[PDB]
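Residue numbers (the entry's author numbering): -1 to 230.
Just so it is clear, CB atoms sit at the ideal spot from N, CA and C, and this is done for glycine as well.
Report on one structure; see the data block that follows.
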Ligand code: NA
């Protein structure tokens, strides 16, 4: 139906091992993204040692400003965590969409409905969670300290895409790395596709440089907005 076609979900998932240390503020980038309805989620990775570089205040602020979630996890748990966050934030966004439609058709929010009707509406939301298009840009930190986390991250991203493909609705996933090749700020690893290109992840995820999280988020939002226009 129309409301399913209109309720396309747009998310940026940042996977990182510490706060930005070069370039402009990613909190502002996420705030910009969210004005377009994009939700920005952040996974911070627990590494080892004295954790000197692993500061996640910024990660929390990015998720707050981007209307999403922040979780901090060991490498073994990145895959499961990414899947949970993507589904839980998609569910929250769609609940809001349905509530707004209810108000337009009727003056009632889901809270104003009796239990039986609230249950019917939640079934509508579950259906939307399966059937809407999902546009996702995964932004992968490839600063020097990421070197030993990268192999796990490559597998996690592959697994995320595979798990999302189970849904009825279309999947469009793009991947970017930050920082970029040579002196560039980001690298497009793959354009939007229904699958993750594993050879491309292996070739393009090189751990070097600092972390320019701000430009990564801006690039991701740009990709989502360009894709929306292409789909139109
Ligand atoms: Na880092």
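Given a cut-off of 8 Å on the beta-carbon distance, is the pair residue i and residue j in contact?
| i | j | result |
| --- | --- | --- |
| residue 176 | residue 213 | yes |
| residue 205 | residue 144 | yes |
| residue 133 | residue 6 | yes |
| residue 111 | residue 119 | yes |
| residue 87 | residue 66 | yes |
| residue 129 | residue 2 | yes |
| residue 202 | residue 187 | yes |
| residue 156 | residue 123 | no |
| residue 226 | residue 135 | no |
Give me the residue from the options with the minimum Cα distance to residue i.
| i | options | result |
| --- | --- | --- |
| residue 221 | 20, 26, 16, 31 | 31 |
| residue 139 | 159, 3, 209 | 209 |
| residue 21 | 181, 149, 72 | 181 |
| residue 52 | 18, 90, 67 | 18 |
| residue 57 | 226, 211, 228, 192 | 211 |
| residue 216 | 114, 0, 29, -1 | 29 |
| residue 64 | 168, 82, 9, 121 | 9 |
| residue 153 | 124, 121, 197 | 197 |
| residue 38 | 48, 69, 160 | 69 |
| residue 168 | 160, 178, 192, 179 | 192 |
| residue 223 | 35, 0, 161 | 35 |
So what does DSSP say about residue i, is it helix, strand or coil?
| i | result |
| --- | --- |
| residue 204 | coil |
| residue 191 | strand |
| residue 34 | coil |
| residue 13 | strand |
| residue 39 | strand |
| residue 44 | coil |
| residue 70 | strand |
| residue 77 | helix |
| residue 59 | helix |
| residue 215 | helix |
Give a single yes or no on whether residue i has its beta carbon closer than 7 Å to a heavy atom of the ligand MG.
| i | result |
| --- | --- |
| residue 51 | In the structure on display, the ligand MG does not appear, and the ligands it does have are the ligand NA. |
Any 3 or more C-beta pairs closer than 8 Å across the region 135 to 153 and the region 7 to 27: yes
Cβ pair count under 8 Å reaching 3, the region 64 to 76 against the region 36 to 49: Enough Cβ pairs lie closer than 8 Å, so yes.
contact_flag[the region 163 to 177, the region 95 to 106] where n(CB pairs < 8 Å) is 3 or more: no
Alpha helix (DSSP H) segments (min. 4 residues) lying fully within the region 102 to 168: 113 to 129, 148 to 162
The region 142 to 162 contacting the region 23 to 30, beta-carbon criterion three pairs below 8 Å: no
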